Structure formats: C-alpha cells, structure tokens
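The chain below stands alone, shown as structure tokens; this is the form described as "inactive state" in its entry title.
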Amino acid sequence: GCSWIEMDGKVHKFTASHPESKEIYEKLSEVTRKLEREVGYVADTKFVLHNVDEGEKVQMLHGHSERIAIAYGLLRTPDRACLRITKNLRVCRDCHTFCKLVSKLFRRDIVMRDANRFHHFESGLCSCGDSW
C-alpha cells in the first residue's frame, strides 16, 4: 500500500511510518482538524488483530497513504494547483470522502488514479459519482 504525488514530472512516494519531514504530519494534523471543525467529519478507525490474546500488535486495515501525499502537496505546490495522486490499491471510502472535502475546503482539484479508476475531485464532488 503506497501512493505517489506527481508535481510537473516530480514524483514522491508515500507509504505506511518513517516521516519525510515532521511538518508533513503536522500539516496533515491541521488539515484533518479542519475537516472535523468545519464540516464535522471524523474518519473510522479500522484494524485487525491476527490473534487477540496476549500481546499481539495492532495492524491497520487502511494505510491512508494518499492523505500524507495530499498534505505534502498542500505544502510544496502553490494555491489552486491540481494535486495528482496515484495509488496501487483501491481508494478506501473514508479517504475518498477525505479527498472530496479537501478539494472543496482548500479549493484545489485532485486527480487520483487508483487501482482501477480515475477520480477527479472538484468543489466537493468526484467524477466517479461515488460509485467505484
């Protein structure tokens, strides 16, 4: 599970969590805090335990790699700039809503190509009509 952002032929990859910088995750924390304060949106925490009993580690079901890529793009690309995100998996439903809200809240188009579909987000809505 990984995600790339394309900025005029510049590609950066994001997975998982070894931070490229700490200012990305603080940008991401302020963006997510914006979503809950502005529109009252909270994502759902999903995880697995391969065995519940006695000291197993928590494994998250969705890496949310594109969220980090979006935060990166809001830092390095100028305003109104289209964020171009690529994913090798199917975008999860919470991240799809995340992209919609960001595209409207921050007034930026987002062209996401996931494992099977091009998602063009603009002004809060997507080209796929929320069917993918």
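One rule holds for the numbers: they count along the sequence shown, beginning at 1. The term rigid core refers to the maximal set of C-alpha atoms that superpose within 1.5 Å between the two forms.
Only in words, not in the display: the form described as "active state" in its entry title, which the text now covers.
For the listed set 75, 81, 105, 43, the sole C-alpha moving 2 Å or more between the shown form and the other one on a rigid core superposition is that of 43. If you fit the rigid core between the shown form and the other one, you'll see the Cα of residue 30 move by less than 2 angstroms.
Once both forms are fitted on their rigid core, the CA atom of residue 62 lies 2 Å or more apart between the shown form and the other one. Annotation: residue 58/residue 88 CA-CA distance longer in the other entry than in the displayed model, change of at least 3 Å. By 3 Å or more, the C-alpha separation between residue 59 and residue 90 grows in the other entry relative to the form shown here.
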